[PDB]
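The chain below stands alone and is given as structure tokens, in the form deposited in one PDB entry.
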């Protein structure tokens, strides 16, 4: 009897599935659908098992949903723009376009060889004009809606205008809490307050914003930015000269060097005074370079005792320092050597004395609103999105500097046609490019994050040359049911995407306001890596510089316990010394990547898929090991052997039987079959792919145990049929192969087995 052999059968089925177009997505789903999306990769060459873990996950879900009868959209594309292609050009002296298309061909083959099936008709390549013309289109619509502006002097997207919705809409979002929390923390909603300071002898009252209203009684002076309209106006007669000069000198500088840590503290007393609303005390008004006009109201109240910058300023110019916050368990030192910036208890704050700091902010705000001295104001840490880039390989900003927007019908604004590779601001060295008539071209390209903030919508209508996409098509496929990928480092991408969707929704183009209904997070794939020799003495491990550098840690010494805790192990080398080994993120740089092409050629696709899928929960990190590979071989070998051994008998057997009439082991098998179907189905729907495989391994053992006592029976034949259907999503090639031994059509046409509720009883 022969044995399982991945070679030949896999290439056979891969072509079969493609030609049959089983995974082609309909233009408009009708009565349900499933949109399975995996984060598209940067076209940087051949992929390794780390990348394939995500793509395999997507293929499993897609095949499963397809078998259930859903209309499935599982597309692949390329995040082609960016620096990678540019660095390559400067290295190999090749056009970025050529390097990209070559890498695309390789990655595509790697995906195909793993048995991954996409609707390639919906392929997108971001570096193509057919795609980035729509980036420019969207950019104009944002400009037209006041969401895109220029500021000193690059372009920005007013994402902060959606800060509140980006935060609020998270509540109804069914994502992992850890991801939602990272979104919340990045946006950073904070409770603040705008306080009004009356100016002695003047009509004007100076507005000041602060997140520490709890320290109001400690405000000993005000500080206006030099560019503040009140700096010169309030400047006393015998101070206007000095102030005027300072203001001018301030402009000659930049906000970076003004807010630069280390520089000496400079400033000028305006000769004018303000009244502290809380104490009614008279405080001097100053102007200083460290205060910028762009933030808050361009003016701040200074609380030396609780803000280190104000402390240094007060100390340098001899300004009063008043303590109003203390630690709960001890009074502050006297005199004060530095500012105490942490929460505590309010003191020297009139009626607020003894009030806990955080709660005190609310009391003071509420107090200010009642007396009409100030109001609560919400602030966000989230800043606007800087999209301007001085690079060649990117989407050109559709703007002209006569600042006029390029006409919608004149789009796209194509990139210059080089002559040199070193020729790559890059757009500035192209006179025949920026030289145009007013309706000079902008010489900046868009941050590639712009490209990826809506690619999932383009997939719904990839060939539309009139709009980024037809609302009808997009609304039919959206939202994405499961977005697959690592999130640990995708805070921005997720935020930017949600932003784009909400904007496109405001334009009436998208029904939903949240692009990803579900996040299928994937942990990193690791691989045992040799970091170098070490020297051990007692419980201490000395790390030679080369070894320590590869590990990227500050310790030149580790305890045996530290080594264990990090998941490392000291292993004897033939060189006669011990080396420190440890699972490390699989990446080309680390030189620990397991390339798809080579592996599949030497082993197989199903073997790789099972190795990845069974290693651990998808959300957890996993280590690719030869042990896992052999375990995969063993499992596939046993499935093949079981069916091969009973092939002759199975052929002469009918699968028709009466469940109620089953007895003994036959009835026991029927029960186990359906319990397995339930576990596998629910594990798949819950994204617990490793446990689904475990259930299949367990049921395979039950099949072997059954055949010890019973022959090939109708119920057994049905169990084999169901098994192959349940196996298809995980190891599609072997499943399809064995299926054709007894059945005519493809597993894609067999559907998903129907669960028998009653069989689960008792």
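Numbering follows the first chain given and starts at 1. If you superpose the two forms and keep the largest set of C-alpha atoms that fall within 1.5 Å, you have the rigid core.
Per the record, residue 152 and residue 153 are separated by 10 or more deposited residues that are missing from the model. In the deposited entry, the stretch joining residue 439 to residue 440 is interrupted by 4 to 9 residues of the deposited sequence lacking coordinates. Stretches 626-634 and 291-299 differ in mean C-alpha B factor, with the higher average recorded for 291-299.
When the mean C-alpha temperature factors of 42-50 and 695-703 are read from the deposited coordinates, 42-50 comes out higher. The residue among 222, 594, 557, 173 whose C-alpha carries the highest B-factor in the deposited model is 173. Annotation for 76, 418, 494, 613: 418 ranks highest, by Cα B-factor. In the deposited entry, the Cα temperature factor of residue 32 sits in the middle third of values across the chain's modelled residues.
The deposited CA B-factor of residue 620 belongs to the lowest third of values across its chain.
Among the modelled residues of its chain, residue 603 has a C-alpha B-factor that falls in the middle third according to the deposited record. Annotation for residue 93: CA B-factor lies in the highest third of the chain's modelled residues. In the PDB entry, a CA B factor belonging to the lowest third of its chain's modelled residues is recorded for residue 218.
Just so it is clear, the following notes concern the form deposited in another entry, a form of the same protein that is not shown.
Superposed on the rigid core, the two forms differ between this form and the one not shown by 2 Å or more at the C-alpha of one listed residue only; from 626, 645, 248, 410 that residue is 248.
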